[PDB]
Amino acid sequence: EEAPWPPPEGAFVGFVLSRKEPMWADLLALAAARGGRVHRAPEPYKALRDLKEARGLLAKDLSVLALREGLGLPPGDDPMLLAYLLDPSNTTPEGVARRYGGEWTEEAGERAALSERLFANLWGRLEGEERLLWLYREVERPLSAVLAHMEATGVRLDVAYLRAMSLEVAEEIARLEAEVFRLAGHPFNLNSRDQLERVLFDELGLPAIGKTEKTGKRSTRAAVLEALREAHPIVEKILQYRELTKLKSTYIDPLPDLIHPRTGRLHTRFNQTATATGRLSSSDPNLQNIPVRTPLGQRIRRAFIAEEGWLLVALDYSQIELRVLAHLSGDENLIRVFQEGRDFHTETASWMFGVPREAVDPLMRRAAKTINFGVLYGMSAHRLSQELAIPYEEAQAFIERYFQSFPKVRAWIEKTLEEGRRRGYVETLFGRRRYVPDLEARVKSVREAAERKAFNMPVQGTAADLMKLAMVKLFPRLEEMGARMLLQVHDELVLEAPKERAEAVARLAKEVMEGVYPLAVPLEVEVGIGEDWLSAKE
DNA sequence: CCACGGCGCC
RNA sequence: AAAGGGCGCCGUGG
Ligand SMILES: Nc1ccn([C@H]2CC[C@@H](COP(=O)(O)OP(=O)(O)OP(=O)(O)O)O2)c(=O)n1
Ligand SMILES: [Cl-]
Ligand SMILES: [Cl-]
Ligand SMILES: [Mg+2]
Ligand SMILES: [Mg+2]
Ligand SMILES: [Mg+2]
């Protein structure tokens, strides 16, 4: 069953890393399988040079390690991508092997054999699924090479700035904690919401605003505290303490340790088979949880900087999910908002707060956004009434008035649920599927939860599909200009270009992103250039 | 790791 | 008056 290295062209690779992060790992073993015959590499790094592509489970990760080693080894077929298209609950090689056959072990030869076996199995299961195969060939497979480039290229950090920030934030946390304990009259677990609830609402007697979801306790969530800002001096201190503590522990302190000593850069890991709707995920750091608006969240982006002689170019799709909803629903009022170049959240804020659009400040706009997303995407009158501190019947009436402004959105939700009940799944514009078997559940809460998943997925997943396709379309032209693609998070992409090319790069990227796919509304992209991510994000 | 819950980012 | 989606974190249980 064994055979000498090197393998024939087209064989499936298997590999074992010393740790899960390819930029940080040694390649313990490398092997390839073809016709069930397995070829094991005598010297893994040397053997990488024999391969023309990385074809097999986790191909992107081997490509990342190859790039570190100065080798252009593009990722090719990967059964993980096939499995994820078949059903996005398929997210790990372990889970995929368990579901479809075989076993994910710690031996390279066995992994190579499994890759071959899973490719055949899953490819067969996809026969005739032309829309999923289009996603595979035109989005997922080429995107894997883009993600390999992003992860291996990494991004420069201003480590001196982070070190200073850590000292400054620690000092401020200490001051805040001390002042909180003084205002409270005693020390307590400032990280315990149960203890906070007691201090705020029993001991200091502040009025409670909201109830927690499941247990109906007095909520201490940020929105409640924000509304109690002027009720007691302790409140603003708690809010600040919570945020500083969180960002220090998750970003400010860990980031400098993630700088790779060989590259001098941070190598964020991107995963394209991780979420239920098709959104990309990042880890080490998870970029998702860096706040956009707060001073410290902004200071964190200031720590992400361009290489000397380069600039960062940051591009953000403006309200892409709402534009997708306009497209999918065909709602005329929604389409009109974007055709007329208006801001959805400002327009609706003006409507719901009864003030002119110019009077909609960022605080009001933030409040409106939270209401819009909650209402559009399925919040009940009960929850809305509690959070808005209004009677139930008033919240129920607001919801009806809201959808009366966008009548075809409701029609779209209903049609989507009707077809989903029939088919057992829902789909994005490009045909990415999420299975929703609980649409036929008899238990009311179980069925209704399935419905909310079902009509949310086509919007979020289509937005994600669009970003991924834009990345695929942009990448080769970027490389032609000597530029790099570094980060993707939220609705944003961050590139790095030589200073002399940055303006041309910004123009090209905006164009490619705005024209990625024709919709019933235009796509808008905001673009900025700077030596750091914050300066570029403006 | 799994469950539960509140809370936090988009 | 059963609780928007996605992704996380922590706490509590094991
Ligand atoms: N509470 C929230 C917040 C966000 N989102 C989803 C919907 C839009 C997407 C991106 O968030 P934002 O960029 O903040 O929203 P936006 O519509 O693009 O508004 P803005 O112009 O302020 O960015 O995340 C959501 O479902 N629920
Ligand atoms: Cl650098
Ligand atoms: Cl379901
Ligand atoms: Mg936005
Ligand atoms: Mg949970
Ligand atoms: Mg938040």
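Heavy-atom basis, side chains included; hydrogens, waters and symmetry copies ignored. So you know, we letter chains A, B, ... as the sequences are listed, proteins then strands, and number each from 1.
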Have a look at A:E393 and say if it touches a base, only the backbone sugar-phosphate, or nothing, with a 4.0 Å heavy-atom cut-off.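 Base contact.
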Taking atom P in both B:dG5 and C:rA3, compute the distance separating them and give it to the nearest angstrom. 15 Å
Distance between the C1' atoms of C:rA2 and B:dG8, in whole angstroms?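 The same atom, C1', in both gives a distance of 23 Å.
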Are side-chain N/O atoms of [X] and [Y] paired as donor and acceptor at under 3.5 Å?
X: A:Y161; Y: A:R299; result: yes
X: A:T105; Y: A:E110; result: yes
X: A:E400; Y: A:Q404; result: no
X: A:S405; Y: A:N333; result: no
X: A:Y100; Y: A:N90; result: yes

I need a per-nucleotide contact map over nucleotides 2-7 of chain B, read 5' to 3'. Cutoff is protein heavy atoms under 4.0 Å; write B for the base, S for backbone only, - otherwise. ---SSS
Can you check the [X] [atom1] to [N] [atom2] distance for me, whole Å?
X: A:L247; N: C:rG8; atom1: CG; atom2: P; answer: 18 Å
X: A:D316; N: B:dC9; atom1: CG; atom2: P; answer: 18 Å
X: A:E321; N: B:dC9; atom1: CD; atom2: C1'; answer: 14 Å
X: A:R383; N: C:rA2; atom1: CZ; atom2: P; answer: 11 Å
X: A:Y251; N: B:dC9; atom1: OH; atom2: P; answer: 9 Å
X: A:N456; N: C:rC7; atom1: CG; atom2: P; answer: 12 Å
X: A:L384; N: C:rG5; atom1: CG; atom2: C1'; answer: 16 Å
X: A:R269; N: C:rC7; atom1: CZ; atom2: P; answer: 18 Å

Any residue meeting side-chain contact (heavy atoms from CB on, under 4.5 Å) with A:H267, in chain and number order, not counting sequence neighbours: A:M23, A:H260, A:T263, A:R265
Distance-only, no hydrogens or angles: does the A:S219 side chain make a donor-acceptor pair with backbone N or O of A:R221 under 3.5 Å?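 Here the side-chain-to-backbone pair exists.
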Of the candidate nucleotides [options], which contains the atom at the shortest distance from the side chain of [X]?
X: A:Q288; options: C:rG4, B:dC9, C:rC7; answer: B:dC9
X: A:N289; options: C:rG5, C:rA1, C:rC7; answer: C:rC7
X: A:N286; options: C:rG5, C:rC9, C:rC7; answer: C:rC7

Taking only side-chain nitrogens and oxygens of [X], does any of them come within less than 4.0 Å of OP1 or OP2 of [N]?
X: A:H490; N: B:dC9; result: no
X: A:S380; N: C:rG4; result: yes
X: A:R434; N: C:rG6; result: yes

Would you say the ring centers of A:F181 and A:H186 fall short of 6.0 Å from each other? no
Is the distance from the ring center of A:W351 to that of A:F398 below 6.0 Å? yes
Could you check B:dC4 and say if its sugar is north or south from the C1'-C2'-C3'-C4' sign?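 Because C1'-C2'-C3'-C4' is positive here, the pucker of B:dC4 counts as north.
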Which residues in residues 396-410 of chain A have a heavy atom closer than 4.0 Å to any atom of DNA chain B? none
Would you mind telling me which residue lines up with the more 5' stretch of RNA chain C, A:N191 or A:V446, judged by nearest nucleotide?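 Closest to the 5' end, via its nearest nucleotide, is A:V446.
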Mind telling me whether A:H382 and A:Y392 have parallel, tilted or perpendicular rings, with 30° and 60° as the class edges? tilted
Using the six-membered base ring of C:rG5, report whether A:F373 stacks on it, requiring centroids under 5.5 Å and planes under 30° apart.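 Not stacked by the 5.5 Å and 30° rule.
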